[PDB]
Structures are given as C-alpha cells and as structure tokens.
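Participant: I am attaching a structure below and will ask some questions about it afterwards.
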Amino acid sequence: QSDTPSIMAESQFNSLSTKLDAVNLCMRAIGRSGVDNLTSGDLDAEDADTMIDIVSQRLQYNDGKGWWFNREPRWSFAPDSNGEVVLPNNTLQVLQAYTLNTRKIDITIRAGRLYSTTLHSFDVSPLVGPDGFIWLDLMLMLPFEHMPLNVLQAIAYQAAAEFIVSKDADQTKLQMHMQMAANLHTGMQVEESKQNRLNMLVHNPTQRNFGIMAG
Amino acid sequence: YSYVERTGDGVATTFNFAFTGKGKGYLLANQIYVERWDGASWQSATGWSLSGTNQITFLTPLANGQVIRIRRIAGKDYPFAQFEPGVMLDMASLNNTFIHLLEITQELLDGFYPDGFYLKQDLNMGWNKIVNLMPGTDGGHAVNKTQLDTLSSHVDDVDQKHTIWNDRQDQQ
Amino acid sequence: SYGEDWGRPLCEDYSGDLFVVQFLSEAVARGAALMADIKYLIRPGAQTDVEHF
Amino acid sequence: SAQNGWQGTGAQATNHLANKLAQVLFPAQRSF
C-alpha cells in the first residue's frame with residue numbers, strides 16, 4: 001500500500017560541501033577537468049587550493065565586520081602573570097567590549113599578542129578592567145568547512161573568477177563570473193541583516209533613553 | 001556522526017535526521033533504523049515510514065517527552081561491490097564501496113557495538129577517569145562514588161549513634 | 001443602561017479617538033527626536049584626516 | 001504614577017470639563 005516511501009527514497013540531491021568539489025568547480029570554465037585528489041601531482045591543483053585559502057578571509061571580512069557566524073561576543077582573557085595575553089589562533093580583527101563604566105583604552109594587534117599604543121608597554125598589566133579579564137570583541141576565521149552552504153557557493157565563484165583572470169584572458173567568461181558571483185553576494189548579504197535583526201530603537205543608546213523618558 | 005536523537009513533544013509527527021557524509025549519508029534506504037526508549041531499554045519502533053529525504057512520518061503523534069534516535073546500519077560482512085573480468089569499471093560502485101567501508105567506521109567510532117559484544121582481554125585507560133555511571137544493581141556490577149558515599153555516611157551514622165549510646169551510659 | 005448594575009463613563013465612547021491621538025503624538029515626538037540627532041559622515045578615500053580636522 | 005504619557009490633551013480636556021460642570025451646576029456665590 002502507498003508509494004511515497006518507495007519512489008522518492010531513490011531520489012538524490014548531491015549538494016556540494018567538500019573543498020575538492022569547489023576546486024573541481026574552479027577547475028572548470030578553464031579547460032582541463034578537475035583533479036580527483038586534493039594533493040595529486042598537478043601544479044594547477046594546488047594553485048586552486050591557494051586561491052581558496054587566500055580568498056577565504058578576504059570574503060569573510062566583508063568591509064569591516066563579517067557576517068553573523070564571524071561574530072564573537074564578549075571574551076575574557078585574564079592575561080598571565082608573565083605578561084601580555086596572546087590572541088587565540090588567527091583573528092581577523094579585535095575590538096574593545098562596550099559595556100557601561102568602561103573607559104576607552106587602545107588595543108592593537110601585533111603578531112598574536114596585542115599592543116597598547118598609549119601605554120607604549122608591550123605588556124598590559126595596569127589597563128586591566130576592575131575585576132574584569134580585559135573584555136573585548138574579536139572575529140575568528142572559520143576554515144573552508146564549518147560554514148553555511150550558501151557562503152561555500154559564494155566563495156567558490158569569486159575564487160573562480162580570480163583564477164581565470166590570472167590563468168587565462170577572456171572577456172566573456174570573466175564578465176559572467178564576476179557579474180553572477182556579485183549577484184549571489186547581494187542575495188546572501190540581504191539576509192545577514194534579515195538575520196540577527198536590529199532596529200532603530202532600543203539598540204541606539206540615545207533613542208532608548210528618549211523612549212524611557214516621556215513614556 | 002551516525003546517530004541522530006530526537007525528542008518529540010506532542011502533535012509533531014515528522015522527525016528529521018542527519019547522518020555524516022557527503023550528500024545524504026546512507027547508501028540504501030534499508031540502512032535506516034529507528035529505536036524508541038521506553039525508559040528502561042532501547043526498543044525497536046514500529047509504524048514509521050519514509051516521507052522525506054531524511055524526515056520520517058509516524059502513524060500517530062509521539063507522547064510528550066518521548067525520546068527516540070535514528071541510526072544508520074551498514075552491512076558488516078561483505079564488501080559493497082566485487083570486480084570481475086570483462087566488465088566496465090564503474091566509478092559509481094567504486095565510490096559507494098569507499099563510503100561503505102567508511103560508514104562502518106563511524107558506527108564503531110561512535111561506540112555502536114553489536115549485540116553479544118565483549119572484549120576478550122584486559123583493558124586499561126592509562127590514568128583516566130570513568131564518568132556518568134549510576135549505582136550498580138548486580139553483585140558483579142561496578143559501583144561509583146555515590147554508593148561509596150552512601151556506605152560512608154552509614155558508617156558515620158553507626159559511629160554517631162555509638163557515641164550517643166556510649167556517652168549517656170558513662171554517667172553511670 | 002437597562003439591567004445594568006453600574007454606569008458607563010463618557011471616555012468609553014472616545015477611548016478609540018484618545019488612542020489614535022496618542023499614536024499620532026508618539027509618532028510625531030519620535031520622529032522629532034530622531035531628526036534631532038546628528039550622525040556625521042566621511043567618504044572613503046577622503047584625502048583628508050579627521051584627527052587634524 | 002500620574003504621567004500623562006505621550007499625549008496630555010485628554011487629561012486637560014477632562015479636567016476642564018469636570019471643573020466647568022462643577023462650577024456651573026453648583027454656583028459658589030449663589031444658592032443652587
């Protein structure tokens with residue numbers, strides 16, 4: 001009885017998630033077919049691998065802030081007794097936390113561990129917060145994996161266009177990829193504000209303060 | 001990895017799962033297994049049917065707080081495909097076999113052991129703790145700190161009632 | 001009213017108008033407050049520096 | 001509280017109406 005389980009069990013979507021498929025997609029529009037293995041022995045195979053890695057943080061950074069998945073709210077470091085604190089792994093940028101009764105102090109990121117210009121001391125003991133572990137906001141870099149499916153498509157097409165112009169010189173192929181990838185970026189950036197939605201009131205300190213009074 | 005657990009709370013009749021791997025995660029539709037927890041031991045559910053890519057439809061809505069999980073079961077005896085003279089080499093079979101050899105590993109990697117399983121040799125964890133274990137039931141079952149605390153408290157109880165019993169005799 | 005143990009006030013008939021007036025008044029006040037705030041801007045690649053400005 | 005909230009027209013209007021009815025309906029200077 002019934003046929004819904006029988007027929008569509010064979011159905012297959014085969015979405016793209018592997019890094020290799022992005023390389024294979026990047027290996028099209030150029031000639032030769034893609035490589036079966038990431039390592040392989042083909043020079044162009046690792047050349048595409050380099051493009052994906054380079055364009056990763058470029059795209060993930062947008063202009064200034066990245067998307068919601070790059071957000072990392074209030075951290076606590078508690079710098080060691082030896083001296084300054086070392087920034088975890090690779091960070092795109094570091095910003096100071098913005099809670100109440102917190103004066104503005106300069107934070108600048110050198111190789112790993114940070115630097116405070118006003119103090120001019122590469123170790124920062126005194127500018128620690130009162131009973132606080134120098135709360136601050138930063139932005140990690142996720143690898144090619146551990147990312148939504150849409151951003152994987154966006155990064156692949158953007159990298160493909162850069163590979164073509166470096167490798168080949170053709171107006172028609174280059175024009176389509178740049179235009180079509182930009183379409184996806186806007187089609188994806190539109191939901192970023194649509195997600196984690198924010199409004200004029202409440203969030204703006206002066207608007208919320210006006211709202212509480214005379215009401 | 002291989003297992004996905006879902007807790008239904010009324011009304012809901014469709015539950016979704018996600019096996020690890022590219023695309024769907026399971027090679028054949030027979031690889032899905034549905035088990036239900038009755039509060040004592042895991043039982044095999046009945047009446048479920050496949051009404052989606054990874055969503056299954058129950059005949060009746062599950063009771064509130066009911067806990068079930070979805071498993072992927074792969075053949076543990078034979079290789080997926082065999083190659084013989086005079087046949088086209090099929091990459092579809094070649095890809096499926098490698099997934100088959102992998103999918104059994106995540107089964108073992110997530111601790112899913114076949115029934116009637118016991119390791120024949122002494123095992124040591126090299127100075128590592130055992131956690132999350134309720135008090136044992138049989139004499140041959142292990143005991144955790146909670147039972148030791150219970151016995152230790154009882155020893156304190158007999159100690160203290162000895163003190164009250166022996167002290168008021170001391171006045172005579 | 002007929003068969004009623006308690007009377008009705010005059011504000012009952014125009015609570016709706018009072019609510020509408022409140023809505024329009026809060027809209028006007030919020031718009032005025034929003035317009036009062038200044039935000040300031042600078043164009044990227046400005047060839048000028050705010051620190052000395 | 002006693003805040004008028006966003007709008008204050010209603011409170012002033014009802015105060016004026018109640019006061020004027022009190023004054024007219026019970027004149028203070030003369031007997032009613």
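When we count neighbours, we look across all protein chains shown, and the Cβ atoms used for this are built from the backbone with ideal geometry, even at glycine. Every read-out reported here was derived from the displayed coordinates using simple, explicitly stated rules and does not represent laboratory data.
Participant: For region A:79-85, in order, what is each residue's ³J(HN,Hα) by Karplus, 6.51 cos²θ - 1.76 cosθ + 1.60 with θ = phi - 60°, in whole Hz (x at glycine and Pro)?
Facilitator: x, 5, 5, 4, x, 5, 9
Participant: What are the trypsin sites (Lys or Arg not before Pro) within region A:1-97 that DSSP puts in a loop, where the Cβ has at most 16 other Cβ atoms within 10 Å?
Facilitator: A:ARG28, A:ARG32, A:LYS65, A:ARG71, A:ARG74
Participant: Hey, what angle do you get for helix A:149-167 against the long axis of chain A, alpha-carbon based, 0 to 90 degrees rounded to 10?
Facilitator: Tilt relative to chain A: about 70 degrees.
Participant: Fully extended, how many nm does the chain gain between B:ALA18 and B:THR105 (0.36 nm per residue separation, minus their Cα-Cα distance)?
Facilitator: Here the segment from B:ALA18 to B:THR105 would lengthen by 29.7 nm.
Participant: Which whole-Hz couplings ³J(HN,Hα) result when phi for each residue of region B:140-154 is put into the Karplus expression 6.51 cos²θ - 1.76 cosθ + 1.60, θ = phi - 60°, listed in order with x for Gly and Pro?
Facilitator: x, 8, 6, 10, 9, 5, 4, 5, 4, 4, 4, 5, 5, 5, 5
Participant: Continuing with the same structure: For the Cα atoms of chain B, what angle does the longest principal axis make with the long axis of helix B:91-109, in degrees from 0 to 90, nearest 10?
Facilitator: 0
Participant: Further, regarding this structure: Assuming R0 = 41 Å, what is the FRET efficiency of B:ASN166 and B:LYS129, from their Cβ-Cβ distance, to the nearest 0.05?
Facilitator: For B:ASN166 and B:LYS129, the calculated efficiency is 0.55.
Participant: Which residues' amide hydrogens lie under 5 Å from the amide hydrogen of B:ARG36, considering only partners 5 or more residues apart or on another chain, with H built in the peptide plane?
Facilitator: B:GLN43, B:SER44, B:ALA45
Participant: Order by neighbour count: B:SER2, D:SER31, fewest other Cβ atoms within 10 Å first, most last.
Facilitator: Starting with the residue having the fewest Cβ neighbours, the order is D:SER31, B:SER2.
Participant: Checking the cross-link filter: which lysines have an alpha carbon closer than 29 Å to that of A:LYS65, excluding same-chain neighbours under 8 positions apart?
Facilitator: In chain and number order, the partners are A:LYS19, A:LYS104, A:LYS194, C:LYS39.
Participant: A follow-up question, please. How would you rank A:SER11, C:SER25, going from fewest to most other Cβ atoms within 10 Å of each one's own Cβ?
Facilitator: Ordered from fewest to most neighbouring Cβ atoms within 10 Å, A:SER11, C:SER25 come out as A:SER11, C:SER25.
Participant: Which cross-chain or sequence-distant (5 or more) residues have an amide H under 5 Å from the amide H of B:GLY8, H modelled 1.01 Å from N in plane?
Facilitator: Under 5 Å from the amide H of B:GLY8 lie the amide H atoms of B:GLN66, B:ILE68, each far enough along the sequence or on another chain.
Participant: Straight-line reach from B:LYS161: which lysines fall under 27 Å, measuring Cα to Cα and dropping same-chain residues less than 8 apart?
Facilitator: The qualifying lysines are B:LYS145.
Participant: Take C:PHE23 and B:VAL87, extend 7 Å from each Cα along the Cα→Cβ direction, and tell me the distance between the two endpoints in nm.
Facilitator: Result: 7.4 nm between the two label points.
Participant: Could I ask something else about it? Kirkwood Rh over Cα pairs of region B:28-172 into Stokes-Einstein at 37 °C, 0.692 mPa s: D in µm²/s?
Facilitator: Value of D from the Cα-based Kirkwood radius: 150 µm²/s.
Participant: Given H placed on each backbone N at 1.01 Å, which residues far from A:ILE109 in sequence or on other chains put an amide H within less than 5 Å of it?
Facilitator: So A:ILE109 has HN proximity to A:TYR115.
Participant: According to a simple spin-label model (label point 7 Å from Cα along Cα-to-Cβ), what is the distance in nm between C:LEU10 and A:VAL190?
Facilitator: For A:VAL190 paired with C:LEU10, the spin-label model returns 5.4 nm.
Participant: Which value, in debye to the nearest 20, describes the size of the charge dipole of region A:1-100 about its Cα centre when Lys and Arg Cβ atoms bear +1, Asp and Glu Cβ atoms bear -1, and nothing else is charged?
Facilitator: In debye, rounded to 20, region A:1-100 gives about 460.
Participant: Loop-only trypsin sites (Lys or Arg not before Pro) in region B:20-93, please: DSSP not H, G, I, E or B, and at most 11 other Cβ atoms within 10 Å.
Facilitator: B:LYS76
Participant: Related question: Ranked by Cβ crowding within 10 angstrom, fewest neighbours first, how are D:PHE26, C:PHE23, B:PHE17, A:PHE77 ordered?
Facilitator: Neighbour counts put them in this order, fewest first: D:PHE26, C:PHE23, A:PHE77, B:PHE17.
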